[PDB]
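Novice: All I have is the shape, not the residue letters:
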């Protein structure tokens, strides 16, 4: 026997919980420090968390976890090299951190140690950028840059205390504004290289690599992108994708132009129904039984009809599917023979699974069993969603495959077209208006997306409810109320979200609205500010406009000049109060709108997320305009 | 709305089992998949059951070959054969 | 069957010669070509067939029919430029509701031929808001200082606490033109806005994203309201002669 | 991408035209519409152009 044992998210032994990985305390302290930064003290905590007790043991734990996840191990020589680099960094950081804590230390000595540490980090960084092993080192790299980006940050805050002149502080601000972009570019380079390479052989391997990066890489990139401020909230909304089925090669231009769009579906709607096209046949005698998954159809909004079949919903060749007012549910043909008795069955049915009473599935059990027969691969399938057994295999017992993650819930169920070209309808597959479907004879795969629990409230109330206790709120762009036409979904995982909106409408206007509600006890007199993250490659003469619409009490909050820049930019509005907007605890049609005029042919612009933070809690510490 | 119906498609009498002179009067075909004598066996019955769903009445389509051998006393003495007609929109259905 | 569209022979009959059937009307042009489902029940997907978002189709084995719609020539400019161009010489402008730039979801088409149009918009959205926008452009020589007024024809059977709102949106220069109390009345009503000028709206001869918006809040289950058409007339040329409130 | 192909499906030799002893070796079927001897004629060729 090869393996009769159960599986856990396709792995032979249970995986570590997403909140119990080795980089979790680092991320937690980073999120804590983003809200309130303890000057000349945060670098010490980051050093104690990355190198506990001046030991590289936590980094080795991270390396082992990543190697276990992505099925790529390193050689002992590379391990020794990385450990030597760790030891050098640890020596220099020990010198610096020890000299800091002496009451009455010399500022010039601290300046020298700071310069030595920054130089050593910059010098040893390229050791983690060898592409031949990047798929692993991209994790370790992510930590090192952090240790650097923290250091410089602290150096900018503690000015003359560490022996820095004003020119030194300005040079450090310039170096920080340069490195916060260079490190992100290099990280994205490694990620895109390895992701495309792994997708060109099988979509499952690329999905696994992406799931690893969503936990060990991208949250820290977002943290970097939020370190220049003080008061915003560090929150990730990336999803984990479980793939069960055969291997399908996918190009990188085909991932962001079709496959990801088919996986996401209605990006702001809750899954309400899922349908499968099941086929079973044991026609001959020497040829064993077999099963096929012909198509998957997810139904989110029952009144929109945007999502279509991924695969096919056909059940016969008699062109009878919607006639007589009913829907064909199952077609079974039983054949009997006679030789001087073994009835054969051919079944083609449509399995339907509606959403549970609690609106969402918590876990699943989906598995496929392969069988070789004269260089021909036959399949058997087992499907169970939550507590409803959807399909038990007729070809024999199949071991389970527990698909679950503590702190996540099932939000989307889709598939990938198998045996067809994935290069068509790229420019047609938009967010709305168009039909989201793709014809294919079979799929033979099921893809389940788990979303974190911080998104469970939006997909249940269709709005964003504000509380008084919290100080900062992050709103992803994909969690909108309505969006304009000719809008696309752009996978931007470095933003710690499931994607961004690409506006490319050449008529009327490009507008995106978000629904806001207020809980009881909310203080309507407290001052707030809005921060909008956008990317405007082409110049827009009318700029970007942030507006508040409340039952006709439309008020203009901000008008920002849209200049050409290929990098992400944050627009900050002036202060305001919820009494100026006319919003109370009973307002149900309150909306925030981000709008711009029509574009030209070949032009587009990107919207990432929104930040709502109180005025007292928000402060810019490192100016971005000083390059 | 269209009621049930039955059809007699062919009759095949077999006298001398080793001569093979008599053939089908009508047709012995049971499907359009060209499968009748493959795999060494003879197709005896093909049943298709269709299920629908409207916000349950399974339909059946049966095509089989009924076989009756000669009795122990070599000959049949009597029989009971009958057909029932039914009109439906100028269409005659049979049982 | 014999089919010919304009000058392109689409299908000549193989079963023999068929006499012609000249489909033409002086002053009209072909705008829509459709058919009717034959041999199937026509009672399904009524609540699903909306103006947008949904798929506009119906499965049927055959149709055996072709239906051609001729529209008058006064609509030829809109279906060619996707906007309404305003001139200085004319004093009054009528804009049907179906000639919009964009419309909200859960909106239906209501055949109201007594309004001398091809139909009216029925809003029945129970979330966000019900909004309808119309694109306006100005020809050269248009006087931007002349005063104008807006008249909105609506039918509001159920009470709307927030009422109806007419607004002018021009590249962010959004200005509120009118806020009208929506009381329950099963008959058609005209709301007249206050006077305004195109300089107050910031619209010139080069504005390409100028829009007029008619909006209202979300409705309740089983509620809807109808919009028929819009009237743009100069202030000097408009006068109410028979008061409608004196019943 | 799949090149052209040809198949020999059946051979039928006819010796004595009035005996009918020899039959098809293979198959004489040409379609799945069960039309071969209807209308008094014999189906000679079925061509489908796509």
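Specialist: Yes, it's here. Residues are numbered from 1 along each chain as shown, chains lettered A, B, ... in the order given.
Novice: is it true that residue A:530 touches residue A:572?
Specialist: Yes - contact status for residue A:530 versus residue A:572: in contact at 7.4 Å, counting by Cβ atoms under 8 Å. Where you see a C-beta, it was placed from the backbone N, CA and C, and this is true even at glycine.
Novice: Mind checking which of the two has more residues around it?
Specialist: Shown here are residue A:530 and residue A:572; by other Cβ atoms under 10 Å in any protein chain shown, residue A:530 has more neighbours (20 against 16).
Novice: in the strand or helix carrying the more buried one, what's buried?
Specialist: Here residue A:530 sits within strand A:527-535, counting by DSSP states H and E. Using 16 or more other Cβ atoms under 10 Å in any protein chain shown as the test for burial, strand A:527-535 gives A:528, A:529, A:530, A:531, A:532, A:533, A:534, A:535.
Novice: next one: stretch A:285-299
Specialist: Using 16+ other Cβ under 10 Å as the test for burial, stretch A:285-299 gives A:289, A:290, A:291, A:292, A:293, A:294, A:295, A:296, A:297, A:298, A:299.
Novice: Now distance to residue A:134 too, for the buried residues of strand A:527-535, in CSV please.
Specialist: Formatted as CSV, the buried residues of strand A:527-535 follow (distance: Cβ to Cβ, whole Å):
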residue, distance to residue A:134
A:528, 42
A:529, 39
A:530, 38
A:531, 33
A:532, 33
A:533, 27
A:534, 30
A:535, 25
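Novice: which of these come close to chain C?
Specialist: By Cβ under 8 Å from any Cβ of the partner chain, no member of those lies near chain C.
Novice: now, which of the residues you listed sits nearest residue A:190?
Specialist: Distance to residue A:190, by Cβ to Cβ, is smallest for residue A:535 among the buried residues of strand A:527-535, at 20.9 Å.
Novice: Excluding residues flanking it in the chain, which one is nearest that closest one?
Specialist: residue A:606 (4.1 Å; Cβ to Cβ, 6 or more residues apart in numbering or on different chains).
Novice: Could you check the angle the one helix or strand the one you found maps to makes with strand A:527-535?
Specialist: Residue A:606 is part of strand A:605-614 when elements are defined by DSSP H and E. In terms of direction (axes from the mean of the first three to the mean of the last three Cα atoms, to 10 degrees), strand A:605-614 departs from strand A:527-535 by 160 degrees.
Novice: Quick one: list the elements packing against strand A:605-614.
Specialist: strand A:472-476, strand A:500-503, strand A:509-518, strand A:527-535, strand A:590-597 (3 or more Cβ pairs under 8 Å, 6 or more residues apart in numbering or on different chains; DSSP states H and E).
Novice: ok, and does the helix or strand harbouring residue A:332 reach over to chain B?
Specialist: Using DSSP H and E, residue A:332 falls within strand A:330-336. Yes - contact of strand A:330-336 with chain B (Cβ under 8 Å from any Cβ) involves A:330, A:331, A:332, A:333, A:334, A:335, A:336.
Novice: How about that strand, which residues are buried there?
Specialist: By neighbour count on 16+ other Cβ under 10 Å, the buried set for strand A:330-336 is A:330, A:331, A:332, A:333, A:335, A:336.
Novice: who does that strand pair up with?
Specialist: Here strand A:330-336 is paired, per DSSP bridges, with strand A:344-354 (antiparallel), strand B:45-51 (antiparallel).
Novice: Can you lay out the ones you listed as TSV showing distance to residue A:186?
Specialist: As requested, these are exported to TSV (distance: least, Cβ to Cβ, whole Å):
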stretch	distance to residue A:186
strand A:344-354	44
strand B:45-51	58
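Novice: about what we covered before: so which of the buried residues of strand A:330-336 is the closest to residue A:556?
Specialist: Comparing the buried residues of strand A:330-336 against residue A:556 with Cβ to Cβ picks out residue A:330 as the nearest, at 58.1 Å.
Novice: hang on, isn't the closest one packed against residue A:347?
Specialist: Yes - under the criterion of Cβ under 8 Å, residue A:330 makes contact with residue A:347 at 6.8 Å.
Novice: before we move on, back to that, quick one: the residue nearest to residue A:535 from residue A:491, how far?
Specialist: Distance, residue A:606 to residue A:491, using Cβ to Cβ, to the nearest Å: 11 Å.
Novice: what residues does stretch A:308-327 touch?
Specialist: The contact list for stretch A:308-327 (Cβ atoms under 8 Å, 6 or more residues apart in numbering or on different chains) reads A:262, A:275, A:277, A:293-298, A:328, A:331, A:348-350, A:414-417, A:435-443, B:52-54, C:40-41, C:44, C:59, C:61.
Novice: at 7 Å what do you get?
Specialist: Among residues not part of stretch A:308-327, those counted as contacts by Cβ atoms under 7 Å, 6 or more residues apart in numbering or on different chains are A:262, A:277, A:294-297, A:328, A:331, A:348, A:350, A:414-415, A:417, A:435-443, B:52-54, C:41, C:59.
Novice: Find the nearest non-adjacent residue to residue A:282, please.
Specialist: Spatial nearest neighbour of residue A:282, excluding adjacent residues (Cβ to Cβ, 6+ apart): residue A:289 at 4.2 Å.
Novice: thought the one you found was touching residue A:381?
Specialist: No - contact criterion Cβ atoms under 7 Å: residue A:289 and residue A:381 do not qualify, at 11.8 Å.
Novice: Farthest-apart pair in the buried residues of stretch A:285-299, please.
Specialist: Among those, A:289 and A:299 lie farthest apart (Cβ to Cβ), at 30.3 Å.
Novice: residues contacting residue A:280?
Specialist: Taking Cβ under 7 Å, 6+ apart as the test, what residue A:280 contacts is A:291, A:345, A:347, A:394.
Novice: Kindly recompute the last result at 8 Å.
Specialist: Going by Cβ under 8 Å, 6+ apart, residue A:280 touches A:289, A:290, A:291, A:292, A:345, A:346, A:347, A:348, A:394.
Novice: No further queries at this time; thank you.
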